[PDB]
2 protein chains.
Amino acid sequence: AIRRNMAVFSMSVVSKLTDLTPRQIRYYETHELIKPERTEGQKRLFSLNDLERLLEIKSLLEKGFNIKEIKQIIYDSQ
Amino acid sequence: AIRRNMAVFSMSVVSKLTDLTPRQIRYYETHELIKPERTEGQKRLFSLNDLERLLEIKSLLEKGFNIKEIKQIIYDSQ
DNA sequence: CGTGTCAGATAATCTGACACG
DNA sequence: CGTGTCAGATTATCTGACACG
Ligand SMILES: [Ca+2]
């Protein structure tokens, strides 16, 4: 009943779910790889969709790909 | 992430999902109807099962039951 | 008795910049 | 150029106390 586009996870929980630091997660948003929702105080809130996109980035980073290369891939799989 | 016993939601998220104020939520804990995980800094983190538990409490209060009636309804056998 | 509300304290996340491999 | 760390700032949640239906 919690939908995959619902912003429900805070930084620290998302970081534990993904084994990525607050630093890496913020960096991928800076490079337009992801864009989580913000509370009114501008804190980030992640959805399950965000969860899946961060893991996608993690893997391709561990297959040796650049950030600029990962941009191409996440937006050309079709 | 759908480990139903995994603490993933902060107070404000649980609040919005349950339609209960943090005041109500913390009160039901102090009267031992729910006990959520804590970060090392003692903020609360709730699971999907916590969510179910809160919603149960909410509906039972809505039906006229005391806090101590509800504590019997939920615990003894499970 | 259960909740709203405000007060002070502490934790958590914010941006930005230097440093490192 | 991808990540760590440290500074300062603000937001979010903490406990506890007074009000009030
Ligand atoms: Ca928002």
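Of the residues making up the range B:4-18, not a single one is near DNA strand C (Cβ under 9 Å from one of its atoms), within 12 Å of the chain's Cα centre (by Cα) and not in a loop (DSSP other than H, G, I, E, B).
The selection criterion, being away from DNA strand D (no atom under 14 Å from the Cβ), outside any helix (DSSP H, G or I) and of a type outside the set (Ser, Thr, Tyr), holds for A:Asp76. All conditions but one from (1) under 28 Å from B:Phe46 (Cα atoms); (2) without any contact (Cβ under 8 Å) to a residue 24 or more places away in the chain; (3) surrounded by 15 or more Cβ atoms within 10 Å (Cβ to Cβ) apply to A:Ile57; the one that does not is (2). Remark: A:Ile25 matches the filter, which requires a residue to be aliphatic (A, V, I, L, M), within 27 Å of B:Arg44 (Cβ to Cβ), touching a helix residue (DSSP H, G or I) at 6+ places or on another chain (Cβ under 7 Å) and more than 16 Å from the ligand (Cβ to nearest atom).
On inspection, B:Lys68 qualifies as in a helix (DSSP H, G or I) and more than 11 Å from chain A (Cβ to nearest Cβ).
Of everything listed in (1) more than 16 Å from the ligand (Cβ to nearest atom); (2) more than 14 Å from chain B (Cβ to nearest Cβ), the single unmet condition for A:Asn5 is (1). Residues in the range B:60-78 that are surrounded by 14 or more Cβ atoms within 10 Å (Cβ to Cβ), closer than 25 Å to B:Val13 by Cβ and out of contact with any helix residue (DSSP H, G or I) (no Cβ under 6 Å at 6 or more places or on another chain): B:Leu61, B:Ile67, B:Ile74. Of all residues in the range A:12-44, those satisfying the criterion of being over 17 Å from B:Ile2 (Cα atoms) and surrounded by 17 or more Cβ atoms within 10 Å (Cβ to Cβ) are A:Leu20, A:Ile25, A:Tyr28, A:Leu33, A:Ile34, A:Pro36, A:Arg44.
Coordinate-derived values only; no laboratory data. Note that we place each Cβ from the backbone using ideal geometry, even for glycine, and neighbour counts take in every protein chain shown.
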